[PDB]
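Some notes on the structure that comes next.
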Amino acid sequence: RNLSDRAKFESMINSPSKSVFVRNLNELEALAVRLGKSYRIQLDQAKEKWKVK
């Protein structure tokens, strides 16, 4: 099924490298907002996971 933004999130959050994280982060943050606010927290968790400060 299309419109599976949750799948994109779970796919991106799977194993993102440093530079890979940033290049995915832009769309990742967009997807997080699209999904809601609870998943946005998980996004922020991934940001802090690496650093993103």
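Going left to right, the sequence shown walks through residues 1 to 53 as PDB author numbering numbers them. The C-beta atom is built at its ideal place from N, Cα and C for all residues, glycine as well.
- Secondary structure of residue 4 (DSSP, three-state): coil.
- Assigned with DSSP and collapsed to three states, residue 51 falls in coil, not helix or strand.
- Per the coordinates, the alpha-carbon of residue 35 lies some 11 Å from the alpha-carbon of residue 42.
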